[PDB]
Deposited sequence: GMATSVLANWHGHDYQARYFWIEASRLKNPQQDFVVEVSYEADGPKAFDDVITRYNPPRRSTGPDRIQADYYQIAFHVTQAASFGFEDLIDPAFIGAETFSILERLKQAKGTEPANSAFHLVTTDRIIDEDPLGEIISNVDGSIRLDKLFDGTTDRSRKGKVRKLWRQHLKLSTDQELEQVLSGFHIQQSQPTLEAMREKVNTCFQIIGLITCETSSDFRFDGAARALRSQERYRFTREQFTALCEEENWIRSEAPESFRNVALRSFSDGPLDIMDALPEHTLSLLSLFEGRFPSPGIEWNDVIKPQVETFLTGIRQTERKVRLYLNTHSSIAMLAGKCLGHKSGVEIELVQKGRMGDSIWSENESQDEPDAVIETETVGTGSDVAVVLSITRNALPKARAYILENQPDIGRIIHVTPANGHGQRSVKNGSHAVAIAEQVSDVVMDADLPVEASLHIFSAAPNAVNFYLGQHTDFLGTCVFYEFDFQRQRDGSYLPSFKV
């Protein structure tokens, strides 16, 4: 059949959004539309809300509008000059800013407009100063300086104002309200994992082992069928007809995040069940160190203690730093009565973790080694990569009191897929706990945890840190070049 103009990237975006129609915890998502015969004005996908959705802003928002830049396998970059050039959205006629202005006249005041691209903002392009790290919103306080066209912001104002045949910067401000640029959005491959993860959670079938993805077909079929928009009733109707309904066992959705809130992920849990740390730091995340222990740790503990004493089942959406994921695990540990479903979200993509699926994996390889007389111990988990060298360097250089490095590598070596599931993660966790308890640390001593693992494994290991006493958690940071080095984060 005839592809969508946005092709499979656009269909997958559509599927993630359409999923909300069958999600009981987002009952306010009342329609999802696509336009596959485009591009037009910010309507590649539209998601409509009733009641209008929660906003950062002063008005509850009736719909999100998406213009999606044609995915290419080769990464590119773009700047403020690209927003007035049609070539960039790959038409001969109307620029994204022209489509925005167009969309701003036809659509209700309380609308949000999003340019979606896998590309990044060029280094030091003024666009990067006017696009919020939090939510991609245009930063109007930064673009509208009160300066004249001569300023660094002025040049951007002037290119855009004159492109849109507007007379004043005040009118350019009005057209740019509700505009968002979502840069470095997930790859096509990662979008496939985002679809599957969204579909499993709402109790639909996934498509895993195949190299063709059944929903890219179903998308094309829906186009030839001329079915472009779906209510909650219409989407459920569709799921029945296609035989997609697997079932769901209801968890409270909770969200812990410390990176950019892309609109794909921003509504994962209600706001009272969402802790977005980059938000709290107005888009400027502190370096690893005492601010983590003094400000972040209380924010996380207070929030997850709130969850723990009301919720018996938690679907924790996790997109955060390693030591925060590990802190999350401690607050919602073994001993707490919380059944946990983990949704691990990052740039590689989305996966679901639980202790449901079984495993008979070999014990991890555990090598201990002596480096001094001191009573402190390091445990180094090399799960994604080999962490020991860089841990050893940091420890020799900075931790005299450390006497023993316990190193933990999975059976089949470190690598993307080195841990199978939650039950394997939990096994390694117990295995590490036994080892660390068997090592008989005195009480006044500290266990130093160096982890190179994805969020879920750090969470499960965090679940066992009650058993290991005084613990120091570490962040691996690339502030020592391509090399990188470890800094201490949380002391628990």
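Chemist: What are the missing stretches of the deposited sequence, listed from start to end?
Modeler: Holes in the chain trace, numbered from 1: 1 to 6, 254 to 255.
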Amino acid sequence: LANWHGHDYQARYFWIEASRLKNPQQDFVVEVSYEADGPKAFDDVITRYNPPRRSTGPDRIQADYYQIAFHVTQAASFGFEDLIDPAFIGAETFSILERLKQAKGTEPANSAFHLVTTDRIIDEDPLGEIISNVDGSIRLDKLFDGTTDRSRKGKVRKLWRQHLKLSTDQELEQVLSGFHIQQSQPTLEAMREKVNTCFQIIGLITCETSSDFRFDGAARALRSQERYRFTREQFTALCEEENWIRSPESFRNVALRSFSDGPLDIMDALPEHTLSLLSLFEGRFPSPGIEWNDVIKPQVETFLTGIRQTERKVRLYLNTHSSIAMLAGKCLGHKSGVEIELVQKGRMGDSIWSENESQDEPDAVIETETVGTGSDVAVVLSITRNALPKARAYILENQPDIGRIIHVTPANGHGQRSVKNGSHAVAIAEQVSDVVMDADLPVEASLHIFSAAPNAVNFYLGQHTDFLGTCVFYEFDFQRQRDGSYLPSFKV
From here on, numbers count along this sequence of modelled residues.
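Chemist: May I ask you to compare 53 to 61 and 445 to 453 by their mean CA B factor in the entry and name the higher one?
Modeler: Per the PDB record, 53 to 61.
Chemist: Would you mind comparing 137 to 145 and 415 to 423 for me and telling me which has the higher average C-alpha temperature factor in the entry?
Modeler: Comparing 137 to 145 with 415 to 423, the higher mean C-alpha B-factor belongs to 415 to 423.
Chemist: Of 171, 81, 208, 119, which one's C-alpha B factor is largest in the deposited record?
Modeler: Comparing C-alpha B-factors across 171, 81, 208, 119, the top value belongs to 208.
Chemist: Check the PDB entry and point out which of 150, 321, 335, 194 has the largest C-alpha temperature factor.
Modeler: Result of the comparison over 150, 321, 335, 194: 335.
Chemist: Please say which third, lowest, middle or highest, residue 204 falls into when its CA temperature factor is compared across its chain.
Modeler: For residue 204, the deposited C-alpha B-factor lands in the middle third.
Chemist: Ranking the modelled residues of this chain by C-alpha B-factor as given in the entry, is residue 155 in the lowest, middle or highest third?
Modeler: Answer is lowest: the recorded C-alpha B-factor places it there.
Chemist: Please rank the C-alpha B-factors of the chain's modelled residues and tell me whether residue 481 sits in the lowest, middle or highest third.
Modeler: As the PDB entry reports it, the C-alpha B-factor of residue 481 lands in the highest third of its chain.
Chemist: Using the B-factor values recorded in the entry, state whether the Cα atom of residue 104 falls in the lowest, middle or highest third among the modelled residues of its chain.
Modeler: For residue 104, the deposited C-alpha B-factor lands in the middle third.
Chemist: Would the CA B-factor of residue 437 place it in the lowest, middle or highest third of its chain?
Modeler: Highest third.
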